[PDB]
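Just one chain follows, in the form deposited in one PDB entry, and it is written as structure tokens.
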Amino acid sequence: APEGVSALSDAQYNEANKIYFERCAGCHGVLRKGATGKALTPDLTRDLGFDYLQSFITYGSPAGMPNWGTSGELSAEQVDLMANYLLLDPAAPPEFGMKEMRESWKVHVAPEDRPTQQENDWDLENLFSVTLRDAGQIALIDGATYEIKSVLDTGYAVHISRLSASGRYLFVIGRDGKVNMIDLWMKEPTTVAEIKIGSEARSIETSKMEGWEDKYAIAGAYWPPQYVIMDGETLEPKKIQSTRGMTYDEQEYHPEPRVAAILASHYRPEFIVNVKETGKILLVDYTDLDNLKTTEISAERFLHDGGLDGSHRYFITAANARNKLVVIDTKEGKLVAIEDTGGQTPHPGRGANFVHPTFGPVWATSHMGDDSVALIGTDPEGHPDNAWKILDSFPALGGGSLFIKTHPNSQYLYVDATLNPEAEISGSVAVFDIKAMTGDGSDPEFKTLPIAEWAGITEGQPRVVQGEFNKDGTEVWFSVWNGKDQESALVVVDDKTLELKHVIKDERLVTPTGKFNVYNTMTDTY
């Protein structure tokens, strides 16, 4: 006979529910279907049983699950409480409005007490903010000496970093919707303000319109379906907007439209918000939050990531499940084009802008579903015929590619293959010579850099991901992502010679993933 499931009081259940949505939904999903963490639905957990759940919640796992009990985060009583809770049927996901954001809102160092000028000796603009995935931290690394300047605690499930337009404030967001604001002008940079904006979230961005530097920060959630405009200096929540609405094509109500990538316009004081399931791109004017102006652009469903073109005027984004690239003119506030990449599941990140030797200015993207790289024309004035059309498509290492990268001061286009099944490929990066490109139809050739081999890592499954350049565009970093219990590293490549420049290693460099150079991020250089 199956084990008996404890009957919990209302109080116990409220408590367990509060903990779940606040501390577990970020990795296990709001309906317990899973995310980075396994599914915790009762059809699976009841088979595992109480003892097993209790053990895992207590000691955690080297693969990404925090040691709630052994870390003191949850008492022994709360651990059992949660183990029983997981045996019951999933609760209904709660809302998260102004009252809840404000309860989680904390300002550690009021603006009136922060420095008035840089007070440390660091070379701020050349710093690299690196995500340490299973450690809940970011590592600020010097771009020239390769020295770890500091390791900051943000929270479990740290995702990515973004910088305010001035380069002074560093914003980090976690999968649980936790937002950390770091003042890089302190002698010892730390979190000066924090807030939580939902149960599940992925993106954050800063105001990048001239005259609005450091004014606002915006965060988008997966749940509840909403985005929040926060004060650029204290994180005070100023305006919450629901993203629930009608799909663009079928015009049917959708109760869970997730916010994906968020960017900032350089032509108007607006935020550029992607709404995934409804295929809507919103241009949100932050000049007046009470009499709120927005442009709701009908595009294509499954919007995810994207970037601005070289002139910073057009937004190019992937509607990944439909292999489409959507283009928006941020000056006029209108959709301009929608084209198929010819590839499977385009995933550009912010993409790569460059001038092709014959086609003119173009933007590129690699794919998750295949080894192809596609180029789209981005200059309607100088190259009208090539504007917003796929001009070329050629192969790289293989499928499972996540990030393509380049820099104005470089003639090379780098492409990773992070998710490919062959370890020889997922440990390497493909490199193309822009200058050698001809647009005559022949697939350009690439050089293979054995980044993992250069790091001296073979044990475990080392996956290389995301190139990121230093301020001067001379060196490009790559993450050699390994398990928390394995050895990881950052590999620095010399752009001029395509030769190993430096290998970063430290007992603290745990599961390093996304890396963001202050200057390149604050100015949208890519």
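In case it trips you up, residue 1 is the first one in the sequence shown, and so on.
Another form, the form deposited in another entry, is not on view; read the next lines as being about it.
Two rigid parts of the chain rotate against each other between the shown form and the other one, and of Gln251, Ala92, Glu499, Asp43 the one at the hinge is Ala92. Annotation for the pair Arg244/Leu31: C-alpha atoms approach each other in the other form, by 3 Å or more compared with this form. The gap between the Cα atoms of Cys24 and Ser161 is larger in the other form, by no less than 3 Å, than in this form.
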